[PDB]
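Student: Here it is: the structure, laid out below.
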2 protein chains.
Amino acid sequence: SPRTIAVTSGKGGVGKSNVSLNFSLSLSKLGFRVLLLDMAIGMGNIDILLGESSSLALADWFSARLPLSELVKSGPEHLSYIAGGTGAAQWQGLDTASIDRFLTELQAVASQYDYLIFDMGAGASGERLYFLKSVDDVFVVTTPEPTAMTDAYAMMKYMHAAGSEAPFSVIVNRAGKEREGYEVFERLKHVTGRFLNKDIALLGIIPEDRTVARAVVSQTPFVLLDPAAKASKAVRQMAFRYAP
Amino acid sequence: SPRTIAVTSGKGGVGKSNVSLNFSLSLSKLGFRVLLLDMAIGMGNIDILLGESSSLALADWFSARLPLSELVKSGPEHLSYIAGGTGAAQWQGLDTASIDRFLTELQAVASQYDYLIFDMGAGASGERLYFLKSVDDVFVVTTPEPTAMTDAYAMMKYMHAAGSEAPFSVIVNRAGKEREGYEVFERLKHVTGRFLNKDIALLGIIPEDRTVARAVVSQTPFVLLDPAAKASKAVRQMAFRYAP
Ligand SMILES: Nc1ncnc2c1ncn2[C@@H]1O[C@H](COP(=O)(O)OP(=O)(O)O)[C@@H](O)[C@H]1O
Ligand SMILES: Nc1ncnc2c1ncn2[C@@H]1O[C@H](COP(=O)(O)OP(=O)(O)O)[C@@H](O)[C@H]1O
């Protein structure tokens with residue numbers, strides 16, 4: 001059966017979507033079959049980062065009983081994905097019931113992949129914390145800024161309070177120096193272990209790199225736009241270390 | 001009798017909290033009575049940016065039969081504010097009835113201010129949209145990035161579809177050149193004006209500035225840390241133009 005990963009964060013602006021897509025693409029390149037799901041319904045960024053014209057999206061599954069398998073889009077390197085959507089006139093969100101049915105139709109087309117990767121909406125919500133208790137791995141993205149780190153810790157506290165028992169792995173992104181990344185992680189590891197009795201791990205450290213910004217403007221993922229960039233190697237390396 | 005302003009964004013990481021805080025400080029410095037409310041309950045960032053330690057916050061208000069009046073904290077330059085809080089063993093979310101409670105109790109002190117400024121959670125929610133219709137002005141913050149701009153559009157579309165009659169004013173933050181701010185605004189004004197038949201205004205353009213990031217690490221608001229910085233003058237002049 002496929003391994004499920006949810007990528008999350010304390011707050012937006014930590015590069016969580018960029019990490020999700022570029023980590024998924026690295027997994028694809030190693031030869032795995034990956035389905036990436038943009039769980040930001042009506043506010044999805046996965047399509048934009050690939051520079052793909054908006055077409056059918058998850059929000060459409062909410063709105064026409066269309067089966068999930070027809071939402072599945074092909075991306076570079078054999079990556080499959082499902083977009084969050086541009087939405088209709090009015091706002092639409094997920095509740096626990098609709099989350100439930102979604103998970104059901106998902107396993108119907110899940111068995112094909114080695115990995116199912118969920119790009120979660122940033123931060124916490126009742127419905128998001130509900131979704132997160134089922135996954136095998138929870139990735140938590142943070143940067144070295146105090147706001148991002150404080151919010152990452154809160155997020156881990158809430159997922160834990162809401163009975164998530166999944167292993168938490170930290171991705172320290174936008175690190176200035178490699179030591180700085182380890183020290184961000186030590187701080188988070190200290191507070192989670194002492195206050196929550198929760199032992200977390202470091203998935204990897206991604207440096208601050210202009211290539212990322214360049215990749216976003218040009219709408220071409222950085223691991224593909226420049227595989228030799230520092231961030232690109234850091235993410236390829238993270239994926240390699242994660243995979244068996 | 002105060003004027004109410006909700007500062008919103010399509011996605012996090014656009015500088016919204018920094019803009020909310022530094023714009024409020026500029027208004028207070030012009031001599032107005034300002035109350036800033038951090039609506040990111042359980043994930044408050046305003047305390048952090050100010051370098052002030054915890055104290056009571058919305059997270060203590062939520063569960064614990066306590067009047068908003070007692071959450072008011074004194075910030076620099078005579079700014080008053082209410083912190084979102086660090087939580088809370090468990091996640092807690094504003095629902096329709098808690099918003100009513102909030103807005104009701106808010107009327108007990110609203111009278112003592114010229115401006116109430118709500119630093120809203122980023123993105124949309126059924127709850128946020130219910131909150132955003134008792135406000136006079138909606139500021140929408142974006143950067144020149146395509147993800148940020150697309151999300152800002154969708155947020156404006158959602159607020160408009162939910163019956164919001166308030167004028168939308170855009171803040172383009174992290175502009176590389178002042179001209180890029182106009183390029184960003186022109187695109188947004190275009191798609192909103194042609195598709196939604198909604199006339200939006202430019203509140204101002206804030207340049208990319210290392211000073212901002214320095215202010216976050218130093219936990220001292222950038223307009224106070226260095227009043228001469230480019231971003232600091234931009235925000236000060238934005239507030240001057242907005243105030244009577
Ligand atoms: N490693 C990095 N180096 C430089 N900029 C980065 C890096 N990671 C992320 N960013 C910047 O952060 C912005 C927001 O990234 P995004 O993936 O949208 O984050 P989130 O999903 O956390 O909001 C990007 O558009 C880019 O400017
Ligand atoms: N004008 C700017 N110049 C440089 N960096 C900025 C600017 N505005 C925001 N930032 C950066 O963006 C980060 C996130 O800002 P924040 O106010 O927390 O955004 P949001 O509330 O939209 O998530 C800041 O800590 C800082 O690194």
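Don't worry about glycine lacking a Cβ; one is built from the backbone with ideal geometry, like all the others, and counts go over all protein chains shown. Every read-out reported here was derived from the displayed coordinates using simple, explicitly stated rules and does not represent laboratory data.
Student: Could you pull out the residue among A:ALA89, A:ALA124 that is of a type outside the set (S, T, N, Q), free of Cβ contacts under 8 Å to residues at least 60 places away in the same chain, surrounded by fewer than 20 Cβ atoms within 10 Å (Cβ to Cβ) and outside any helix (DSSP H, G or I)?
Tutor: A:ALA89
Student: A further question follows. Suppose we keep only residues that are within 19 Å of B:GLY12 (Cβ to Cβ) and part of a strand (DSSP E or B) within the stretch A:139-169. Which one would you say is farthest from the other protein chains (Cβ to nearest Cβ)?
Tutor: Ranking the qualifying residues of the stretch A:139-169, first place goes to A:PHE139.
Student: Within the group A:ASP209, A:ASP199, which residue is more than 14 Å from chain B (Cβ to nearest Cβ), loosely packed, with under 14 Cβ neighbours inside 10 Å and out of contact with any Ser or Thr (no Cβ under 6 Å at 6 or more places or on another chain)?
Tutor: When all the criteria are applied, what remains is A:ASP199.
Student: Within the stretch B:104-121, how many residues turn out to be part of a helix (DSSP H, G or I) and surrounded by 16 or more Cβ atoms within 10 Å (Cβ to Cβ)?
Tutor: 3
Student: Of the conditions (1) within 12 Å of ligand 1 (Cβ to nearest atom); (2) surrounded by fewer than 16 Cβ atoms within 10 Å (Cβ to Cβ), A:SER232 satisfies every one except a single condition; which number is it?
Tutor: So the condition that A:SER232 fails would be (2).
Student: Name the residue that is farthest from ligand 1 (Cβ to nearest atom), counting only residues in the stretch B:2-33 that are more than 11 Å from every other protein chain (Cβ to nearest Cβ) and among the small types (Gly, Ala, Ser).
Tutor: Only one residue tops the list, namely B:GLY31.
Student: Hey, can you tell me all the residues within the stretch A:212-226 that are of a type outside the set (A, V, I, L, M, F, W, C) and either within 14 Å of another protein chain (Cβ to nearest Cβ) or within 16 Å of ligand 2 (Cβ to nearest atom) (or both)?
Tutor: Result: A:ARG214, A:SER218, A:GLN219, A:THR220, A:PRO221.
Student: Another question, if that's okay. So A:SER55 clears everything in (1) part of a helix (DSSP H, G or I); (2) more than 14 Å from chain B (Cβ to nearest Cβ); (3) more than 22 Å from A:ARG214 (Cβ to Cβ) except one condition, right? Which one?
Tutor: So the condition that A:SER55 fails would be (1).
Student: Out of the residues in the stretch A:133-168 that are within 16 Å of ligand 1 (Cβ to nearest atom) and more than 30 Å from B:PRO221 (Cβ to Cβ), which is farthest from the chain's Cα centre (by Cα)?
Tutor: Filtering first and then ranking leaves A:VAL138.
Student: Give the residue that is surrounded by the most Cβ atoms within 10 Å (Cβ to Cβ), with candidates limited to residues of the stretch A:32-43 that are more than 12 Å from the chain's Cα centre (by Cα) and in a loop (DSSP other than H, G, I, E, B).
Tutor: A:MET43
Student: Filter the stretch B:1-26 for residues that are within 13 Å of ligand 2 (Cβ to nearest atom) and in a loop (DSSP other than H, G, I, E, B); which is nearest to B:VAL140 (Cα to Cα)?
Tutor: B:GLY10
Student: Which numbered condition trips up A:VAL184, out of (1) surrounded by fewer than 18 Cβ atoms within 10 Å (Cβ to Cβ); (2) within 16 Å of ligand 2 (Cβ to nearest atom)?
Tutor: (1)
Student: Okay, next question. Considering the stretch A:135-153 alone, what residues qualify as being away from ligand 2 (no atom under 14 Å from the Cβ) and under 11 Å from A:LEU188 (Cβ atoms)?
Tutor: Scanning the stretch A:135-153 gives A:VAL140, A:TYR153.
Student: What residue, of B:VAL223, B:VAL170, is touching a residue at least 60 places away in the same chain (Cβ under 8 Å), crowded, with 17+ Cβ neighbours inside 10 Å and of a type in the set (A, V, I, L, M)?
Tutor: Checking each option against the conditions leaves just B:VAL223.
Student: Quick check: is even one residue across the stretch A:75-86 within 12 Å of another protein chain (Cβ to nearest Cβ), under 22 Å from B:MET149 (Cβ atoms) and surrounded by fewer than 22 Cβ atoms within 10 Å (Cβ to Cβ)?
Tutor: yes
Student: Taking the condition among the hydroxyl-bearing types (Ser, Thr, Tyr), part of a helix (DSSP H, G or I) and touching a helix residue (DSSP H, G or I) at 6+ places or on another chain (Cβ under 8 Å), does B:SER69 pass?
Tutor: Here the answer is yes, as B:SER69 does meet what is asked.
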